[PDB]
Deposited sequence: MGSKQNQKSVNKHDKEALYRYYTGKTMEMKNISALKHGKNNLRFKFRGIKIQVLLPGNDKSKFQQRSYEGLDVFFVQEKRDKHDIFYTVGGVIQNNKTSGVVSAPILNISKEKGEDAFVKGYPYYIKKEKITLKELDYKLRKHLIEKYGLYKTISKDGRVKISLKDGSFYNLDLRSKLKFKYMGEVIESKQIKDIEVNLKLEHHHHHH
């Protein structure tokens, strides 16, 4: 059930929308139209300090469909960067053998943007693992992804659940990413 829900979520509708103008709706949403589609973005509580005005121009939005309602409003969470510019090539390394075998393959993973939300990085990394290695399709959801930055900061993502909404606004400077360690089939 949860494995299938993850498969569906991480292969769902997404759009990268560049140079967006948007208006605040209520205290913690943004609204805009893109190609005529009504988009409402929930701003996670952690990111309130960045969004202290009523209208915006030049936003970069990574849309992931959480739902579409009766009125054809399409809802997404976080994924907004105010001043983005569009190559970072951190090494992605994968460990995917059953049991002890420590065999690992590392290769460059390309990021075109100067800044990237944890939301977009999480999503695209999972889609990569779904498509290349069968994550949630032919292998289990028991894995982890550790994104390390040059200063020693890191984000450890649990592949057994969806990224939480509260973390979908975090912005990462793409050139700071040192490496991405993926451990799969953790039993």
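Student: Any chance you could give me the deposited-sequence numbering of all the stretches lacking C-alphas?
Tutor: Those stretches are 1-12, 99-101, 203-208, listed in order.
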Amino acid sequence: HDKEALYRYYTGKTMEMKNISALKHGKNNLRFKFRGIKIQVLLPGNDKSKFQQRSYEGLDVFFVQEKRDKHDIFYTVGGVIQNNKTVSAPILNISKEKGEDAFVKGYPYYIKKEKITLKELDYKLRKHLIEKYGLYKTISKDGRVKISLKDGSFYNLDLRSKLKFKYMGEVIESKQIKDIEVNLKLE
From here on, numbers count along this sequence of modelled residues.
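Student: Which wins on mean Cα temperature factor, 44-52 or 59-67?
Tutor: According to the entry, 44-52 carries the higher average C-alpha B-factor.
Student: Per the entry, where is the mean C-alpha temperature factor higher: 126-134 or 23-31?
Tutor: Per the PDB record, 23-31.
Student: Going by what the PDB entry lists, where does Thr117 fall on CA B-factor within its chain: lowest, middle or highest third?
Tutor: CA B-factor rank for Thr117: lowest third.
Student: By the recorded C-alpha temperature factor, relative to the other modelled residues in its chain, which third is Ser88 in?
Tutor: As the PDB entry reports it, the C-alpha B-factor of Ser88 lands in the middle third of its chain.
Student: Divide the modelled residues of the chain into thirds by Cα B-factor and specify which third, lowest, middle or highest, holds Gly36.
Tutor: For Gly36, whose C-alpha B-factor we compare with every modelled residue in the chain, the answer is the highest third.
Student: For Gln82, does the deposited CA B-factor place it in the lowest, middle or highest third of the chain?
Tutor: CA B-factor rank for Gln82: highest third.
Student: What third of its chain, lowest, middle or highest, does the C-alpha temperature factor of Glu181 fall into?
Tutor: CA B-factor rank for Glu181: lowest third.
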